[PDB]
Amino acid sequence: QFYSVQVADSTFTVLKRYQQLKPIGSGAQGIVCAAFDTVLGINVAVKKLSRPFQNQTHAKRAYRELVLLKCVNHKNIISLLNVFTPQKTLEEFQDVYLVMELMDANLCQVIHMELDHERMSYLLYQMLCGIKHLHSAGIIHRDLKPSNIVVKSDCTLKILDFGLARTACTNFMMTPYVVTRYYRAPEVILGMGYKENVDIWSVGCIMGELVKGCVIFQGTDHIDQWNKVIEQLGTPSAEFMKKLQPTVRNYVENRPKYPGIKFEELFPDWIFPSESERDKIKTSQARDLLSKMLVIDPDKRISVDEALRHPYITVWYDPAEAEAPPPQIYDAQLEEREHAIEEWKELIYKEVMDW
């Protein structure tokens, strides 16, 4: 297993099977290169994490995502072809390389391509399949947005990361690009506490964006985000508001009361194909599902299991993908403990050596 070094902005030491390294982006966790794997005969993406153990946030993210790849195994979630380090001992250990099949684009790039119903409904289906698989493994993503999701030109899709640990003191973030509130569920903006269907809200916002071509709830701060939500969906019920913490409830109950816009005006026929018997049906189904995902009160928001059975999605439904439990449930207790930087180094190195 001899290595080759190639400077690509920084410097990439990789097994020689990986040829033609080309930069294609920069992740929160490090530099991504495209490459060709001459052993497998396929294009791959190669990501280098430099000293993931140096920073605590980077350590918990590197460690939990290494472990989670042993818990999940699903076509719509990142799975790794290879994990390696070029350093030969624990204490010269610095760099972890992750290898997966090369994806063509991120979802943030497909937003402006005005997809038809067949492609929109297939992307939605795959998102729901991956999320159901993540939930079954004990993972609520909590930070799904267009940039967390990559696609190939054949419209296949993978959720790229495992989201936000509950014990993340970093609120709701990590940065390839500009941190935004656009996809965060209202219960999260309001400080309420969250359940799994926070991920359904995010998927609704993404689906709305690919229908409309623009961001559905484009708040410019925490306060403006809530306003953009109630302006379009209506002020939620008194029960929901009463359950807020008094200071939040005081502010929220004092806003202008909005009635909400019917989804037939929010998502009218003219932003959909809608131009045939078949497309009028699909448009009605798409809008009905949107009206069940984009629901402020999480107790009335559709679940992933329910969304997966929706008529808009049936053309794609395949139990081999939609009813596919994960190899293991994640044991989070080990990620929540303190761990010094040198403990993280050992923990990460061990996982790297398990490959």
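One-based numbering along the sequence shown.
The deposited model assigns a higher average Cα B-factor to 270 to 278 than to the other stretch when 100 to 108 and 270 to 278 are compared.
Higher mean CA temperature factor between 127 to 135 and 185 to 193: 185 to 193, per the PDB entry. Ranking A59, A307, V46, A320 by Cα temperature factor from the entry places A59 first. Within the group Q232, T156, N171, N148, the record's highest C-alpha temperature factor is found at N171. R51 sits in the highest third of its chain by CA B factor, as recorded in the PDB entry. In this PDB entry, the Cα temperature factor of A34 sits in the middle third of its chain's modelled residues. When the CA B factors of the chain's modelled residues are split into thirds, the value for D221 lands in the middle one. In the deposited entry, the Cα temperature factor of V211 places it in the lowest third of its chain's modelled residues. Looking at the C-alpha B-factors along this chain, the one for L289 belongs to the lowest third.
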